[PDB]
Peer 1: 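Input: one structure, supplied below.
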2 protein chains.
Amino acid sequence: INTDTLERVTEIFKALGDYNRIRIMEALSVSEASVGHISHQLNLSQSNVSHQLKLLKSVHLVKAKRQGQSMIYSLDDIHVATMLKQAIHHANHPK
Amino acid sequence: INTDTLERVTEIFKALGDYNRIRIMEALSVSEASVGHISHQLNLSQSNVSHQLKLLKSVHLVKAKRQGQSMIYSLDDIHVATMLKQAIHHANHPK
Ligand SMILES: [Cl-]
Ligand SMILES: [Cl-]
Ligand SMILES: [Cl-]
Ligand SMILES: [Cl-]
Ligand SMILES: [Zn+2]
Ligand SMILES: [Zn+2]
């Protein structure tokens, strides 16, 4: 399949090969949330979390939507949710 | 969720952040196959393909099964298949 495609896939997985980015993604899989709420959940700086989310948004793994007086991040779409959830499933069984 | 877990997840995604490993995985998503058959499909050395498959087997993304006089590699299980297919889906639509 296409080279522009299999390159976008590698930048997606590349982006996911980082422990705190995975922690951010897995939190978002529970609930969309603001940068402040995420940094509180994970005990990371708002500066650090914001930087990571823009990296993730760069490869279309997260998106950001104004809601009221907050900027709310979410997993981009159902593909991202399913991909992450299957990965965690696989990491948690034997063989 | 657990640190042994979210570390196994990062090594999975880490392992997938490589163009030829993705090409190998995507070929296997079409059909299980021997090292020779893969290296022919992809025009890569058998030495290179074998090295990559042992890396992938290390993080339980592929498995290897004797069948007749051949050693056949496959995607480990349905979780891996779904994860890869969702990633490629996501890479191929807009927004
Ligand atoms: Cl939500
Ligand atoms: Cl922005
Ligand atoms: Cl098959
Ligand atoms: Cl072996
Ligand atoms: Zn599995
Ligand atoms: Zn998608």
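Proteins come first, then strands; the chains are lettered A, B, ... in the order of their sequence lines, and each starts at number 1. Heavy atoms only: backbone and side chains are in, while hydrogens, waters and symmetry mates are out.
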Peer 1: Among the options B/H60, B/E11, B/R21, B/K63, pick out the one with the most heavy-atom pairs lying under 4.5 Å from chain A.
Peer 2: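 Max contact count across the listed options: B/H60.
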
Peer 1: Side-chain contact, heavy-atom cut-off 4.5 Å: A/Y19 with B/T3?
Peer 2: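 A/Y19 reaches B/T3 side chain to side chain.
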
Peer 1: Below 4.5 Å, heavy-atom pairs only: which of B/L61, B/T5, B/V59 has the largest tally toward chain A?
Peer 2: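 The candidate making the most pairs under 4.5 Å is B/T5.
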
Peer 1: Check each atom of B/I22 against the heavy atoms of chain A and say whether the ones under 4.5 Å are side chain, backbone, both or neither.
Peer 2: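 Just its side chain gets close to chain A.
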
Peer 1: Between B/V35 and B/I72, is there shared hydrophobic-cluster membership here, with clusters defined by ILVMFWY side-chain heavy atoms closer than 4.5 Å?
Peer 2: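 Different clusters: B/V35 never reaches B/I72 through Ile, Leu, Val, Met, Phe, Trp or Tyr contacts under 4.5 Å.
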
Peer 1: Measure distances from B/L6 to the heavy atoms of chain A and classify the residue's part below 4.5 Å as side chain, backbone, both or neither.
Peer 2: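 Contact with chain A is through both the backbone and side chain of B/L6.
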
Peer 1: Could you see if A/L55 belongs to whatever hydrophobic cluster contains A/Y73? Use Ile, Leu, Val, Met, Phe, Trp, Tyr and a side-chain cutoff under 4.5 Å.
Peer 2: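 They do not share one cluster, since no chain of ILVMFWY contacts under 4.5 Å joins A/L55 to A/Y73.
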
Peer 1: Are A/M25 and A/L42 linked, directly or through intermediate hydrophobic residues, by side-chain heavy-atom contacts shorter than 4.5 Å (ILVMFWY only)?
Peer 2: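 Yes; tracing contacts between hydrophobic side chains, which count when under 4.5 Å, links both residues.
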
Peer 1: How would you list, in number order, the residues of residues 75-95 of chain A that have a heavy atom less than 4.5 Å from chain B?
Peer 2: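 The list, in residue order, reads A/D76, A/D77, A/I78, A/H79, A/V80, A/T82, A/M83, A/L84, A/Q86, A/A87, A/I88, A/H89, A/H90, A/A91, A/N92, A/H93, A/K95.
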
